[PDB]
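Coming up are structure 1 and structure 2: the same protein chain in two forms, each one given alone as structure tokens.
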Structure 1
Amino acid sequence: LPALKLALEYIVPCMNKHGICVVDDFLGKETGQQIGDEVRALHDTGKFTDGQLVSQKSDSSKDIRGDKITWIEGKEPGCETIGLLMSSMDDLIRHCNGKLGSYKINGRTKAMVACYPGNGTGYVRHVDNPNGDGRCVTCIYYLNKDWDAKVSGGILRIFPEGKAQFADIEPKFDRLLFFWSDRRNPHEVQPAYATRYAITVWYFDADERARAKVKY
């Protein structure tokens, strides 16, 4: 489907009504696989950090670390398909401008590739942008083939601001996700028992970002 059709007939209305939207088979198998290879290459070549310090025991040899990350601009050699993913995300956002709430997106962060090693670590409940730093939309792309939460866990659980119920999102291969970055979407990553890859990009609202500068 053309970016515009997907955006106008689904993303725009979905976001305004739910603020949490999922798009499966975003780029297709071939492209998704190539991205998976680039991300795996980054890992195998030691480009990721050692992982978030989860448990710092008296002894450091036994320390437990979680999600590993690496920032990608999208033009570096070996990550061009990722840059392509980022472009696809952008073209999609552009077709939504003026329709995603009253926000006016004028920029984004670089891509943050994250890898949960599968040692039972997850990510505590949190809000991406709780202090109004400009980020209005969180965009996540998953690259995990044949991922079964019942077996590997790693489920993304979001707790919509008012609703009681929460939404469980599986980090399925070639899946794209959109959700408001503010306090309306507190979320967390349940313990992952298998290698879990995801690529995140945050979009900035023009006004919020402009005055964020003031307050720093």
Structure 2
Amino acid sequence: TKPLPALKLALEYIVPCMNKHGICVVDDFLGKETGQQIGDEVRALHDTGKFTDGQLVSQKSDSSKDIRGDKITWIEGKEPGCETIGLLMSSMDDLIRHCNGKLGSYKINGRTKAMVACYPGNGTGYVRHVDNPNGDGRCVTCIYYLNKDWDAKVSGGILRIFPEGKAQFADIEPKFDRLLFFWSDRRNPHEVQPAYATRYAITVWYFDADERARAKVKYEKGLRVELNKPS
């Protein structure tokens, strides 16, 4: 068992998969070691109180109906105690780079910072939605899962995706060391089923140069940073 080089994984799997299904799962992305360390950093961020109620971020008014029940924080990847999260990001960035020019007609010129989230279970999740419905510039959603030994049958927390105009849907378990890619626009409405155990995940959104430039000012979610370069 050996690591598939990014270029091969990108061109032989990710590109075809995305252009055909618009949804792509990559298991055993970084291996147990790196995976658990990312879990420790995230869990540490949580214990040291670095998260903020996700509901407060999305909501419009204080009377707005609950959209999400998670806690989050934005990580750039260089902050103290976030080095491994930074490695994750460089890894994601490396794959995207090899894909670039082969994912639809998109020209990916950057990404958002990493949105580290925690779903404290207790029936908390995220209601059905589209990440980028108004052309805010984000073309690909990338999510990395960190939940060691997860049984959706009793803990739930399944990510169910409904590809627009297709006779099928996708049920993604928030499996440890699993990386997920899917178009961020209306093609992928999705919902996070009720969770009953603490659930951690890290999301990065990649920008398309064209759509971003044509983006409305009206639209961290909007901050674009360059892909990481190999140290």
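Only residues modelled in both forms are compared. Rigid core (definition): largest C-alpha set, two forms, superposition within 1.5 Å. For numbering, take structure 1's sequence and count from 1.
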property: Rigid-core-referenced C-alpha movement of 2 Å or more between the two structures, selected from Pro186, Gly36, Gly51, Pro191; result: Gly51
property: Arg65 C-alpha relocation of at least 2 Å between the two structures, rigid core basis; result: yes
property: Per-residue CA shift, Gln165 (Å; core superposed between the two structures); result: 2.7
property: Runs in sequence order between the two structures, three or more residues long, with CA shifts of 2 Å or more on the rigid core; result: 50-65, 213-216
